[PDB]
């Protein structure tokens, strides 16, 4: 699934191709989707950012797009900040389904412009938010959300950016030996409870994880998260590793992005 774990692998892939890259073009070919043409490593890349409530995702793509004639105000402000900008850093927020693109640019007079494009993948509450580095203020957002008594946050130009409400879960990538030892040593290790204790684990992932924690648990835990990216289809979905019961007649995907190009082909 497109969980936090999968995002860890995808982030890695995106960085290898795009970090240090230059944003050539910005387009919004569909309602909740933005595509950035990027030049990096003497290759030209297409980066898809989707806050679609059902198919929300990030990936490079080989797909071609028919861009609208008349740009929108959101695109316009994005272009104004990102066109020609350099992608200095791509960073996942902990093991959550949130990805940040730190870009640098110059304004009309040569002064240093720094922004952070934030992609929050949370189903129907997904968003793409441009934020100013210095004073953490929202520049623009693909979906604006008012102050409401209902909310811990406001999503509007000028608003102060607060990250989605922190959870009690633990990043499984940064869990210390001692803390990790006591968990695997005293807690229930069912797929469901693993989902609870750790950030960014989908049900498919946590299930696969579980099959690996009956012995040598500490080292086994480490080993699962240290596996190399191996893009595959699963029973109902896709993953960055070949989970149990994966289809058997499967092509070798040269990347997670080609995997998703394939999976989302028919919408």
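Positions refer to the first chain, counted from 1.
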Next on the checklist: Quick check on the record: does 190 to 198 or 134 to 142 carry the larger mean Cα temperature factor?
Outcome noted: 134 to 142
Item to check | Stretch with the higher entry mean CA B-factor, where the candidates are 153 to 161 and 169 to 177 | outcome: 153 to 161
Checklist entry - Highest Cα B-factor in the deposition, which of 109, 99, 115, 184? => result 184
Checklist entry - Between 16, 10, 244, 259, which carries the biggest CA temperature factor in the record? => result 244
Checklist entry - Sorting the chain's CA B-factors, does residue 44 end up in the lowest, middle or highest third? => result highest
Next on the checklist: Based on the deposited C-alpha B factors for this chain, I'd like to know if residue 221 is in the lowest, middle or highest third.
Outcome noted: middle
Next on the checklist: Sorting by Cα B-factor within the chain, modelled residues only, which third would residue 124 end up in: lowest, middle or highest?
Outcome noted: middle
Checklist outcome for this item: Among the modelled residues of its chain, the C-alpha B-factor of residue 57 falls in the third labelled lowest
Checklist entry - Lowest, middle or highest third of the chain for the C-alpha temperature factor of residue 205? => result lowest
